[PDB]
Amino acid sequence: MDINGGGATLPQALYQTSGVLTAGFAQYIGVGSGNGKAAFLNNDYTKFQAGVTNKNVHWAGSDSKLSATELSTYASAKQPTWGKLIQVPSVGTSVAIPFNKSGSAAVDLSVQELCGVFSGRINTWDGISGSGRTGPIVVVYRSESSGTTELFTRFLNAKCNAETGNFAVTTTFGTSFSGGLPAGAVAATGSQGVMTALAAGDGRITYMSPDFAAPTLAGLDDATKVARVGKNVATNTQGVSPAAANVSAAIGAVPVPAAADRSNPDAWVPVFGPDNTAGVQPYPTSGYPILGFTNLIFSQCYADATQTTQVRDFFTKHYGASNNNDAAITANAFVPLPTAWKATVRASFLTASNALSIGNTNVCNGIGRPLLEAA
């Protein structure tokens, strides 16, 4: 009986790369982070494959953090019989700004121009300085509950302080800005659905997984297709591309989860946010500024011993010092976790005597998510 996972589309091509998921894992199903969280929290396989009810959900990918209400409801309804859930970073990622507007001139957005495009204040390509382009801008956004939206709106919430309204951190972009969507904005579903829409009319722009924002990695550096971010005309400063190399230093500087807080799944997922605000990492001053983590959601405990071993073997690979997934992570435009982060994940969720360890024979005694499905 295979282990079934799915959720976030931002990293789906990573999890679909041969060998990244280990023995016993079904191929990953990309449906969006909101759907992934709901699939795991409710053990609802229909959130992965509509109309299919004869399988359990074992894990999810999400770039949206579990909310207080999600965590509390799982703790009271499911944890007594299934064990604690585990929420852990998988990889670091940039958020790219692909667009469909031809021209040899590089498109390099200042942060305030980015803010104005996504608030609707700036609605013509003229209004992007130095763009070489004219005509209307059409914003494409995610229709559904999206972790890419959450990562992106964290940045807008932190930086966009000069609009007629404010951006809230959310998974649903259509309600993020208090002044509404830009006129003419187009909704689409999934990372790939957004990229298809980007191409379906001229002058379109969006926010996107770096693994989908260009067909090839080098394409993240083509500023005729993927905007640079960080222009400052007055100081004569160029913005840079969302290539993984331009976020990797900032990802590597993020502190490991605080030791005393490790039983709280919320403590494991770092978030970027406003400056001089404890509990959130400030966005980096150098390199590419829009970044965050995409995460995995598992159970500590599975009633079946084989499924338990299979899950542990995946963690051994994904968080291993050797024989790990880091090459595939880079190939998919993402940032590996550093040694100290991997070691911290292993110490809590693999090392057998830890109270948090997957399959712990004491903590998981008699408990765990079920082998058979029942309705």
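Position 1 is the first residue in the sequence shown; the rest follow in order.
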Study note, to complete from the structure: Higher avg CA temperature factor (229 to 237 vs 250 to 258, as deposited) belongs to 229 to 237
Review point. Looking at the entry, does 83 to 91 or 268 to 276 show the higher mean C-alpha B-factor?
Key: 268 to 276
Exercise for review: Name the residue from 114, 205, 188, 181 with the greatest C-alpha temperature factor listed in the entry.
Suggested key: 181
Point to revise | Candidate residues 139, 162, 97, 301, the one whose C-alpha B factor the record puts highest | key: 162
Practice item. Compare the C-alpha B factor of residue 291 with those of the other modelled residues in its chain, then answer lowest, middle or highest third. Key: lowest
Point to revise | residue 263 CA temperature factor, ranked by third within the chain | key: middle
Check your understanding: Within this chain, which third does the Cα B-factor at residue 167 fall in: lowest, middle or highest?
Key -> middle
Exercise for review: Going by the recorded CA B-factors, say which third of the chain residue 16 sits in, lowest, middle or highest.
Suggested key: middle
**Study point:** Chain-relative CA temperature factor third for residue 107
**Key:** highest
